[PDB]
């Protein structure tokens, strides 16, 4: 039934190889936050030569299955990975921090095996407004996963972009009300904050 959903971008990938090879292509891997990014600010991707490959609802396991077709075969200079939100959501099954982290490491190793540079990013803050303990538990699980990612990134000299620290508001780490409406997906103002951070990091890598 095409569990990884390679069908979603199969035709779009064909149209890209037909348009030729591009200089300094950046592919964005992620879920609805990344898919909605292109839908909400098409100019940011069009004007900069960025290619969005987000699919809503997907986990880091889906991203690993799509990595070769949706990243490697597009011969990009750089890949931006944002993964973990739906792993934690458990819409596809029980969360396992070690499995999620391992999927990210597998994607990094596939990218480096193909001379594709990597930028790792933080799982975004997430609203769990049932009560205060629910929000704290959600925030603690996100920080715990991001801690694994940042330690791996530092150890392997991979840039890490910390969306979380700039978008999570006190006291319990809820996604800032200025940056969201549903507490999960950024608004355009929220995306503008992420764009400044990731563009600075991309430009440093691409030189």
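Numbering follows the first chain given and starts at 1.
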Quiz item: Out of 159-167 and 174-182, which stretch has the higher average CA B-factor listed in the record?
Solution: 174-182
Quiz item: Per the entry, where is the mean C-alpha temperature factor higher: 86-94 or 99-107?
Solution: 86-94
Practice problem: Report the third (lowest, middle or highest) to which the CA temperature factor of residue 30 belongs, ranking only the modelled residues of the same chain. | Solution: lowest
Self-check item: Where the record places residue 73 (Cα B-factor, split into thirds across the chain)
Solution: middle
Self-check item: Position of residue 49 among the chain's modelled residues by C-alpha B-factor, lowest, middle or highest third
Solution: highest
Quiz prompt | CA B-factor placement of residue 113, once the chain's modelled residues are sorted into thirds | solution = middle
Self-check item: Among modelled residues of the same chain, the CA temperature factor third for residue 138
Solution: middle
